[PDB]
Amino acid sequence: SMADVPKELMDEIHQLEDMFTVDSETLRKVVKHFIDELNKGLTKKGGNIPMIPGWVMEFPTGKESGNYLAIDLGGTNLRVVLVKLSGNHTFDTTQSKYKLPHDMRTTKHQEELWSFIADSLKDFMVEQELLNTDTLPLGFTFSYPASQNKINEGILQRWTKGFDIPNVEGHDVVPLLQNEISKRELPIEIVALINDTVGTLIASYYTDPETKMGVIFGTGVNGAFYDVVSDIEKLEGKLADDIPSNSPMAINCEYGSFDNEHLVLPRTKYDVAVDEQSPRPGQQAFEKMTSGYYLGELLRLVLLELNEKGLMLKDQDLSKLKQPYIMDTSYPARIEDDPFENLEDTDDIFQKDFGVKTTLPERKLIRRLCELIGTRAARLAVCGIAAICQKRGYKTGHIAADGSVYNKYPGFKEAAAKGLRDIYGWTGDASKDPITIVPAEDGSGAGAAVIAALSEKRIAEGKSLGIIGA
């Protein structure tokens, strides 16, 4: 409880509560502007929300069959996956995991990244003995901003989620990987570049036709959904006749860039601080305050400012806490996950990891802080779901969700659901909820394979997969 915390700290906890609490009226405010930005991003003039086409113009039926490869570039490790779509409305996947070398996510020699992915593919080929012969369709899940005018293209906009490699931005990633595959004479062809949220949208629809959206609450945030071609104004008169107006089209929103103008989001001085000190300030406004990548950075700055104010961690060595992005989301997650009255797990963390001693009330505050920024992250993140469900007329449906924060972060699922009930105003038992958030399918694995299948079928039918002349 709080029945033994000094008045100095209780007054700070009350202010932190007031700034990190987002009521239902504010959520509804954010959502309305969110909807405008979604529409604006579909016009030629554009907007801060990219609204990138995914070039998937069909719903998976289940009758899809074949052997498709699918790689997934995460920040921690590369994931090669073989997917046998049986057509029984399920799949059989043989996968591998290849750890990323130390400085890889940050390497100055970009050729090492592609060289790594290609070599890892060859190992998977020899271990699965599938190095005889058709050309294996490959689905490449590249979950970073990348505009695409056709499905087998991905021009890197900017690195996120801890990635920083020199000469890849503004470049098509696909040929980089493709002509590395061909140097090793591997029987692979990149048939599709897919965003993790889109692969998720499709993998889940494949096994749940009630899937209205595929969202990621992970080290990054993003959401994909099926729109209709006619709604996408910017593609007006840039498409072939095999892509009609009533046609479905998976949209990769890339809405982590929402409100870069800063006109609705309840940013605080700590939020502004995180932004100003981040690699590229003025970017990812929405993402910076809901994303797993930044949640710990928030905690770090609040702790630092409360210290440089003679209120907390007095006469302690904050030498280790001074390093930016030293705290990832595991810290808030583990602090909130502390089962002990005296918060003994938390104590151990600041001692072993940062070499700083805390009193009991100091951990009482740290803990309540992790609750506030985590609950706000949830309540704000679901504003993208309500916005999409309302721009389209989705009265009911399932939202396929994945991500390390959705999955691992304590009480996040509950918070995201309550945040969603507050926005709509729903009252009673949660089973009555017309729209619910459900655990997603394998988006980067199964999903990408299901998209390679849908893509090869169009190639075979001679039909297009991008804008004319792309």
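The first residue of the sequence shown is number 1, and the count goes up from there.
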Neighbours in the displayed sequence, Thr133 and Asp134 may still hide a gap; how many deposited residues lack coordinates there, none, 1 to 3, 4 to 9, or 10 or more? 1 to 3
Comparing 421-429 with 26-34, where is the mean C-alpha B-factor higher? 421-429
Averaged over C-alpha atoms, is the B-factor higher for 191-199 or for 345-353 in this PDB entry? 345-353
If you check the C-alpha B-factor for each of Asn77, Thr107, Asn179, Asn222 in the entry, which is highest? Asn77
In this PDB entry, which of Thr61, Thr436, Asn39, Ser404 has the top CA B-factor? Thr61
Considering only modelled residues of the same chain, in which third does the CA B-factor of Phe140 rank: lowest, middle or highest? middle
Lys288 by Cα B-factor - lowest, middle or highest third of the modelled chain: lowest
Using the temperature factors of the C-alpha atoms in this entry, rank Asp241 within its chain: lowest, middle or highest third. highest
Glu153: which third of its chain by C-alpha temperature factor? middle
Splitting the chain's C-alpha B-factors into thirds, which one does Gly393 fall into? middle
